[PDB]
Amino acid sequence: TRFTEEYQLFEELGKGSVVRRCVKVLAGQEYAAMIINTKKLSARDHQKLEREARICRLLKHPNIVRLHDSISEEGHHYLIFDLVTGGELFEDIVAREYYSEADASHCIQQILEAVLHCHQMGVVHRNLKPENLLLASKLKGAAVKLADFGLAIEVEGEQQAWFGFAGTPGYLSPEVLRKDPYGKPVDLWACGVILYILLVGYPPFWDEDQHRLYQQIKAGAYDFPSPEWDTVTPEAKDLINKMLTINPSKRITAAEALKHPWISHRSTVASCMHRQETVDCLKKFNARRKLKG
Amino acid sequence: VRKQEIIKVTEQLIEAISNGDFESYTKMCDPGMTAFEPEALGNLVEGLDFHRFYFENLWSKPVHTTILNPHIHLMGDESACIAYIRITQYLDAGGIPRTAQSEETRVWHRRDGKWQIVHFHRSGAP
Amino acid sequence: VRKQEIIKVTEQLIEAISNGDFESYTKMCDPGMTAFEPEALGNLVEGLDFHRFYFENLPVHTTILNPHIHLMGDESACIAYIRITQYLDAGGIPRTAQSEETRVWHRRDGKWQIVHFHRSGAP
Amino acid sequence: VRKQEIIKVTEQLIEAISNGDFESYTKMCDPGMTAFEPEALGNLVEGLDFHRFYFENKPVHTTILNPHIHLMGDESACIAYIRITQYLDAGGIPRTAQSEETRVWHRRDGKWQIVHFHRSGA
Amino acid sequence: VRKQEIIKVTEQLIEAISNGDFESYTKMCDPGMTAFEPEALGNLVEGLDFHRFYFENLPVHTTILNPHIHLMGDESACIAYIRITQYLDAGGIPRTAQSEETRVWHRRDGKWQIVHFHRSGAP
Amino acid sequence: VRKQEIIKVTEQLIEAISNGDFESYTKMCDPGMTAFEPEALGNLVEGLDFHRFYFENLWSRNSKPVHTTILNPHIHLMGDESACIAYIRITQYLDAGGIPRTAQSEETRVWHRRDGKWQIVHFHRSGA
Amino acid sequence: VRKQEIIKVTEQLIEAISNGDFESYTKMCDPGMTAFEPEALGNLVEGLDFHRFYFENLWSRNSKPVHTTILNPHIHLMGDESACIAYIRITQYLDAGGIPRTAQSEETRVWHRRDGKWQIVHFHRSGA
Amino acid sequence: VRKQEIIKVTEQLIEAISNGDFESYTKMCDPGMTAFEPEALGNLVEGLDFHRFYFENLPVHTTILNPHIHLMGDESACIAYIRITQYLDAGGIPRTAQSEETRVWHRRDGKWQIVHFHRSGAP
Amino acid sequence: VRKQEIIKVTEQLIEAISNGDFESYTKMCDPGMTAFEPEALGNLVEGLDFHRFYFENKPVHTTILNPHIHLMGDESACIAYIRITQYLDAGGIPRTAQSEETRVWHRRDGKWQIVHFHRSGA
Amino acid sequence: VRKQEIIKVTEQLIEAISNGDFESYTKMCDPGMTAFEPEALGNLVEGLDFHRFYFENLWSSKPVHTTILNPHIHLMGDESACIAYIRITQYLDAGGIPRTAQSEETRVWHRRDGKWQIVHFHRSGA
Amino acid sequence: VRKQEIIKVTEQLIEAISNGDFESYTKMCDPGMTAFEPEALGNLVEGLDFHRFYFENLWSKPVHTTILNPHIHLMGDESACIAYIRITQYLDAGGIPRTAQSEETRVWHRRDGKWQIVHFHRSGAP
Amino acid sequence: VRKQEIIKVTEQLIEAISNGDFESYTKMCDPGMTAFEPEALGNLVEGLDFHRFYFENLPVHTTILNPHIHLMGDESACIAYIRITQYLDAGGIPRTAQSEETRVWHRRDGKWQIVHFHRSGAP
Amino acid sequence: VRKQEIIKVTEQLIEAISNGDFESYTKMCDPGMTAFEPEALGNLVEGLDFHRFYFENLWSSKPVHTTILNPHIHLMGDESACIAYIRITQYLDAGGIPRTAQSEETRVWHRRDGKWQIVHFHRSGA
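Residues numbered from 1 in each chain as written, not as in the entry; some residues may be left out. Chains lettered and ligands numbered in written order. Heavy atoms only, no water.

Peer 1: Now, about the environment of C:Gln12: what can you tell me, with residues and values included?
Peer 2: Residues and elements named next belong to chain C. Secondary-structure assignment places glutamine 12 in helix α1 (residues 3-18). You can call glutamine 12 partly exposed: its relative accessible area is 42%. Linking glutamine 12 and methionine 28, residues 16 residues apart in sequence, is a C-alpha distance of 8.9 Å. (Helix = DSSP H or I, 4+ residues; strand = E, 2+ residues; numbered from the N terminus. Buried < 20%, exposed > 50% of the residue type's maximum accessible area, 1.4 Å probe, protein only.)

Peer 1: I'd like a description of the sheet that holds strand β4 (residues 80-92) of chain M, backed by residues and values.
Peer 2: Taken in spatial order, the six strands make up an open sheet running β2-β1-β6-β5-β4-β3 (chain M), and their pairing is mixed. Lying at the two open borders of the sheet, with one neighbouring strand each, are β2 (44-46) and β3 (65-75) of chain M. Averaged over neighbouring strand pairs, the angle between their axes works out to 20 degrees when direction is ignored. In this structure, strand β1 (residues 29-36) of chain M lies alongside strand β6 (residues 116-124) of chain M, joined through four bridges in parallel fashion. Bridge assignment links M:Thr34 to a residue of β6(M), and that residue is M:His120. Strand contacts of helix α3 (residues 49-57) of chain L: β3, β4 and β5 (98-111) of chain M, with the helix running at about 30 degrees to β4(M), the strand carrying the most contacts. (Pairing = 2+ DSSP bridges. Axes fitted to C-alpha atoms, helices over the stretch in contact; angles between N-to-C directions. Contact = heavy atoms within 4.5 Å.)

Peer 1: Kindly report on the interface of chain G and chain F, identifying the contributing residues and their values.
Peer 2: Tallying the contact residues gives 31 residues for chain G and 31 residues for chain F. The largest share of the area that chain G buries against chain F comes from G:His76, G:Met78 and G:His124, three residues that together contribute 24% of it. Counting the contacts that link chain G with chain F gives zero salt bridges. At the level of secondary structure, the elements contributing two or more residues to the side of chain G that touches chain F comprise β1 (29-36), β3 (67-77), β4 (82-94), β5 (100-114) and β6 (117-126) of chain G. Sorting elements by how many residues they give to the side of chain G that touches chain F places β5(G) first, with eight residues. In the side of chain G that touches chain F, the residues fall into 11 nonpolar, 14 polar and six charged. (Buried area = accessible area lost by both parts, 1.4 Å probe. Salt bridge = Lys/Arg side-chain N within 4 Å of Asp/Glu carboxyl O. Nonpolar A, V, L, I, M, F, W, Y, C, P; charged D, E, K, R; others polar.)

Peer 1: Please give an account of a negative patch on the surface that cites residues and values.
Peer 2: Residue and element names in this part refer to chain B. A surface patch of negative charge is lined by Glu11, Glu15, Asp21 and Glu23. Looking at the secondary structure, you find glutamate 23 in helix α2 (residues 22-27). Given a relative accessible area of 54%, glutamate 23 falls into the exposed group. (Patch = residues over 30% accessible without salt bridge, like charges linked within 9 Å, V, L, I, M, F, W, Y side chains within 5 Å. Areas by Shrake-Rupley, 256 points an atom, 1.4 Å probe, with all protein chains shown as cover. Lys, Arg positive; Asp, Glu negative; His and termini not counted. Charge placed at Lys NZ, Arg CZ, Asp CG, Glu CD.)

Peer 1: Can you tell me about the pairing of β6(M), naming the residues and giving the values?
Peer 2: Residues and elements named next belong to chain M. In terms of burial, β6 is a largely internal element, nine of the nine residues being buried. In this structure, β5 lies alongside β6, joined through eight bridges in antiparallel fashion. Among the inter-strand pairings, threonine 106 is bridged to a residue of β6, identified as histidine 122. The turn linking β5 back onto β6 is made up of four residues, and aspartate 113 within it adopts a positive phi angle of 60 degrees.

Peer 1: Could you give an account of the pairing of strand β3 (residues 65-75) of chain J, naming the residues involved and the relevant values?
Peer 2: Summarising the sheet, β3(J) and strand β4 (residues 80-92) of chain J pair through nine bridges and their orientation is antiparallel. Bridge pairing in β4(J) links J:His74 to J:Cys82.

Peer 1: Account for the sheet that holds strand β3 (residues 61-71) of chain H, naming residues and giving values.
Peer 2: Strand order in this open sheet of six strands is β2-β1-β6-β5-β4-β3 (chain H), and the pairing throughout is mixed. Only two strands of the sheet have a single neighbouring strand rather than two, namely β2 (45-46) and β3 of chain H. Each of β3, β4 (76-88), β5 (94-107) and β6 (112-120) of chain H touches helix α1 (residues 3-18) of chain H; the most contacted strand, β5(H), lies at about 125 degrees to it. Against the sheet, helix α3 (residues 49-58) of chain K contacts β3, β4 and β5 of chain H, and its axis sits at roughly 30 degrees relative to β4(H).

Peer 1: Let's hear about helix α1 (residues 2-18) of chain B: which residues, and what values?
Peer 2: Residue and element names in this part refer to chain B. Given a rise of 1.5 Å per residue, 17 residues ought to cover 24 Å, and the 25 Å separating the end C-alpha atoms of α1 matches this to within 8%. Those residues of α1 that sit buried are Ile6, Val9, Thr10, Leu13, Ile14, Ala16 and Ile17. The buried residues of α1 all sit within an arc of 155 degrees when viewed along its axis, so they share a single face. Positive backbone phi, at 65 degrees, marks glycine 20, one or two positions downstream of α1. (Expected span 1.5 Å × (residues − 1). Arc of directions from axis to C-beta.)

Peer 1: Kindly report on the relation of the copies chain G and chain F, identifying the contributing residues and their values.
Peer 2: At an RMSD of 0.0 Å, chain G and chain F line up after a rotation of 180 degrees and a shift of 0.1 Å along the axis. The superposition of one copy onto the other is thereby described by a two-fold rotation axis. By residue overlap, the copies meet face to face through one surface: 100% of the interface positions of chain G are interface positions in chain F. (Least-squares fit on C-alpha atoms.)

In structure tokens form, the structure reads like this:
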């Protein structure tokens, strides 16, 4: 009703509902509008609407898209968070001509920054993955921004519970595959599977039989296959072992992962050798997951 | 050539059920889909809300699915029907290898260039 | 309006089965008609040769509950329903049986015909 | 006082069933009467076309136990009771069956009629 | 007019059962409510004293099929439906159970209350 | 003496049942008599019409031999006008075919004297 | 009044059984009390030692919730010092697992007042 | 010495049963004879009143296996044996049934009489 | 009077069985004692070697019903009775079992002894 | 062409069994024919004496309809072949009451002196 | 050659049982013969008086007997033992063809130049 | 005197089975020994290869009832008996089992050996 | 000699199945192998994908002893053969408790390019 008058609509950004760029007429500014058709899934959907909209009203981080309002029209609903044109991150990185341990530490830092914020806000993302990681602009020094969805949740303090089975098979923690209560930690485990791809450009776990992929993910079976991992600082490999910890209670918190700087200090102290092969594999994986996923 | 497409979308459907991928399952199903199945206790259930329960709770034990003697009836360029026998080799609580048969009928309808199930009928053991 | 056409040819079908009229039943069925039914013992039978045995060899009241119809163009439809059957055994007592039925109709040369059907429950 | 009227139309109903009088039964039932019963195999049957078959088809004895009547205003009531039936099975041995019956009466055009009834057991 | 009005208090009943809130269930039931149910073992049990044991001692999904509402004036209604419940047994195996439910609602002082309940035939 | 009286009227009751004599059985039973028995399917029947069915159809037709045995009778006297007998009733009979069969039924008979005559106000049977 | 008295002592009996209180149950039962119940396997047990086993082992251990319902009580008064109650006993309980179960038992209690106090001289149970 | 003397009255007992002669059976049994048998349904029945029903209402072949005799002085004996009976059922089909029998004999006034009988577990 | 002696040696017998005292049981049984029992699977077992196995192998309650004693002279008797046993089955639910027992006592060397016993049921 | 030849002799076999013609059944079977069938109770039967009891008694006759489903033929040289299929029989028991029965059958054919003969056959669930 | 004699007398025995010829049966059996058989209910019976009942009462319906896999142990020139599987095709009350298996052991002893059964053991269905 | 020899070698056999001594069992059996037993599922097994599985892979009290012996010369015998077995299941309860056994012994080079044996009942 | 050759490849087959060696099992089987077995629930299975589930899961291992009874071989030319036999398996279930199972098996061998391969096999009661 109200989004009809104040706003003007322009090109689509993405689809799933449809994302589209708009600009507010009254105080001229761009945003990005989720157009959620009035056909969602009766109830299970409407519940996730208000959850996503609430969470995003709460999440205001410099590294996370912030919402503005959520308007309900007749045959549609609109959610207006912050706009971007940056391309995907795993897409920008391949375009880079110099990729080093120090660019990867610059990423996981901003990442852990969005994560920590919300973990302090009693909310867990549960779906952490390349898709969900984007670049503010293509402009230099553009920021990584976490994409708030939608299998998301509000925990009580540090209390662990069973929030049900959600997320992507590769990005799923064992505590969730074991069908045990969980919490903020299931987010840290994702980052760890993310960092590992953020170095060598292939994932730590995978199998075509998904029953098997899950077994690895429940068994913590990953290793640092030579040569590609030989040129990698043992600090890098250290963080990776701290996130990729099977027991969530022993798992490095997000607060802890920022202080230990194989990122901040290896930004200061780590390997910059441009690894062109990793970058290539990376790009390939990306295309595959786009078509396969 | 026209039947190979139905084979493709059907195998994708059975893969989504086997891997417990409910989102891909919802994409290949019409929102107003009807189903006769042994889990419905002789009742006709409408929508996907009834199958979600099986996707969440029931679905990492090794399971193998076999498709025997498919038959495809083409009814234009937008509607097709496929009927087949589905065998499932699995492991029970005791780890013993087991096998189950199931007769299945899938009614596909092409909407917006995308085949979707409008109705399906399963019989035999669940 | 079109749903009542499928319902009409379906009622004509059920009555053609109840009277034992294999002629009209053959006219309403495609020659390559496939069938799942308890009489086939989990197998898929093709043609009308399997159903002839019943018209030839075989006080009944049939009831249809909650018919749903899926139209897929102007030449394809699919109807699903519950079929209750009240009959008498040789013992003479009234018995009731339930069977869930699915019929797949296809218009060919301006006439609906069954291409495939799937029944569960009462054998 | 108005309980023996529900009992009266209920006794005329049961007697109409025992005599196989479809003519009176139709008068006592609304045309759009719904029914749950074992003969329906868990399905909800509407109308009287389903109950007709059971009128075309020796000594039996019926006993009604613990009748409870709920009065809802002056044009609607509901009676629930246990029905025991003693009969003979072909070989002639005496048998007995239990049923849990619920009748829902409504007064339209100055006449009580069953709008829906629910049965459990035999 | 009041069919949705009946569905409202029916849904509130379902919510009172799901949350285990026995007080709300007491507000929506007549003090002399009678109930036939499989847990009664064929006996006619009166009052909420029998259901109490379940509100003080109790992952599922419920589906309502073929709801029929009978409006009997401005103070009486009766709803009947089929309830299918999907649950996980002690084996952790998916199981499903069917019930046929009949609720008899009476209006007193501007509120709907259950005066009789009849379920069959699964607990 | 009173024990013998209660056994006498009890054996007269069982004798009226074995012969299908509904008149004598009616005279020995209170009009408001209640009953628990397997034929009642776990219900408490009141009166005599429920047993009348079995007197008219089953027990009136009996021309085959039937022999009843009362094992271990126990009598509780509760004043001058009340008594209670419990016993094991074993019935030797011939089935549909000519094969001898035996049935056991635990029986409790509650006797109350009104108008100078003992009458059953309640009985309870188990087994078939 | 007397009907209420018999229902009172009956509910006190069932209350003593539900709590496993063998002392109160002993006080409400005659020493020469006889019994028919499924636990006796068609036999007539006499005394209280047969029920003592269930008081000591089964009913003393119960910490789980148990709710008893007395359906359709019928009372026969037989003089000032005797009465007889019959009812349907429905028990809601929790089994070995945490699953609610229901049991039905037809019960006949024969009450006799001695020393100004009602006591059971005989009872009869059916069903399990 | 008396083992054959016990076998004699045992054989006379078998003959009294085979001929249906209830008088001879009465002469060979104590008036207060007790009996456990499957027809007693686990109850201890006293006297010949129970066996009477069988002597007034009754192609077979009987075999006695492993007879054991216990002589207990000059006035008491006890014989135990396995009895196998071959008969023709209502189907006209050959059937066989096993029983384990124990007879307790007492001497009074120069004659052996059954004071207790125990059979298991086929009629 | 001489019935409570049969009852006495019978109670010492049952108590010897419940305590698992093979030593006393052997004294109470003749060496050539014969037995019919369900554990024998319809066969006649002689001696005590067969009963030994059942002494090597918690709270149970035994009730003896309708004991009948036949006295045969002054050196032989026979007691028959019904034995009810309440126990607990692994899961701990109370159970009850019925048995029909017949003991045959004989006095040799001034001591009652079982020469043969017959059991039905459990 | 050869596959069809096997189909020919097989159809003649089924017709010979249905007609109760033991004469024609003998010609199409080797004198030392091997047999596994439920009528042999898990035993291996040699010869034609065993099936003669069924040719003489039962088949010598209410309406019966046979249906062959999913036939597969393996050709093993010029002189050897093997066919496997599902046999479904519709019949009537006592006062029909139409009934149906399934069996899984394997026939092993061998051409001896210019004539196909069964050397061994296997049946299940009949 | 020595085993063929045992085959002969054994086939004569089974022929006597099949034809219900009890006199020929008594000639081929020792008077003190012992037998374990399902009709004896796990008991050991001695003599021929126990089998006479089956010869008279039970034994004109067509019945066919098949002897599968005989094994003969020769123990001198006067004692032999044969063990075999016996199949029986018969007709029940409904006229339906039926079949029954039975494992049989026969212990032959040559007395006065004539083989006689001293003991036999049958198992399976009677 | 000779019967006790068969009984002796038979008791040595049963004890050789109870202890799991396949060596002495092999010495007491002919290499071409044939066997009928419930473990063979109605088939006839030859040699000792079938019985090795039990000595290798497999509180017991054995009792022998009514042994009968048939002597057929000075080099051949056959013993038949009832074998009762009192044991304990994994549940711990004492169980009893019956099996009728037939052993065929043949003296070869001055030593009795089993040529064939037939057991029925307990598997 | 040729009969013995069939026995050789058959024993190697049984040993390959027992050891859970799917590699050797693949060589001795035709890629389009036909199969009737109780694990297929009355259906005809083609290929080796179906038995792979049993090679991967179950057989990859407590003491098990196999016994072949009454083998019969039909030679049908130089390049074709068929063997039928009774397989008895002794094993242990959970906490044995030694168990035994019977099955009736038919193998159809065909020499292709100087190597015997199974083209079809049939199993009963397993």
